[PDB]
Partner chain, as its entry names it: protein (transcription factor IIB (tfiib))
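Quick heads-up: it's one chain on its own, the form deposited without its partner chain, in structure tokens.
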């Protein structure tokens, strides 16, 4: 679909983090006792860690009724999964609602299929680049428009994070594509 993706490449979404407000105070101890699919070491982290198989995700349930859903491959799957946790808490006897569901971060990745001269890229876009190969092999490109972070590897493989809307993921990628080509490694 070249009209939307002129590069002819569409980043595949890998992880969605969403949050929602169950709207009631929760008893984390009771929940970890009753819950089966739930983990809870208050000493290590203040939340019950619960997981479901479909959509395969992990939820962090807090005493406040606030919740973080993680691991889904799309926004709808993220909402669905958050909804499943809500019913699990409702059925544990808590009046869980579903308030202010919000997608907080979308992670995508794609492959341009040509290698990149990272040091060159880093040198010419130094105001956005951060590249210490001896520490981490990818170059961190913090794009300003949209405010997105791309991890660029010499392999031609790229990771795009920090999006709240999938179109930001798509645009950051289309924005970086002519740049990747400019620094293709021959």
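Residue numbers count along the first chain shown, from 1.
FYI, the form solved in complex with its partner chain isn't displayed, but the following is about it.
Enquirer: Is there a non-hydrogen atom of residue 154 within 4.5 angstroms of a non-hydrogen atom of its partner chain in the entry with it bound?
Expert: Residue 154: yes, in contact with its partner chain in the entry with it bound.
Enquirer: Would you check, heavy atoms only and a 4.5 Å threshold, whether residue 142 touches its partner chain in the entry with it bound?
Expert: Residue 142: contacts its partner chain in the entry with it bound.
Enquirer: Heavy atom to heavy atom, is residue 39 within 4.5 Å of its partner chain in the entry with it bound?
Expert: No, residue 39 is distant from the partner.
Enquirer: Would residue 45 count as a contact of its partner chain in the entry with it bound, using a 4.5 angstroms cut-off between non-hydrogen atoms?
Expert: Outside the cut-off, so no.
Enquirer: In the entry with it bound, which of the listed residues (130, 64, 34, 58) lies with a heavy atom within 4.5 Å of its partner chain?
Expert: After the contact test, the surviving option is 130.
Enquirer: Want to guess which of 118 to 126, 47 to 55, 24 to 32, 144 to 152 is within 4.5 Å of its partner chain in the entry with it bound, heavy atoms only?
Expert: Heavy atoms within 4.5 Å of its partner chain in the entry with it bound occur in 118 to 126.
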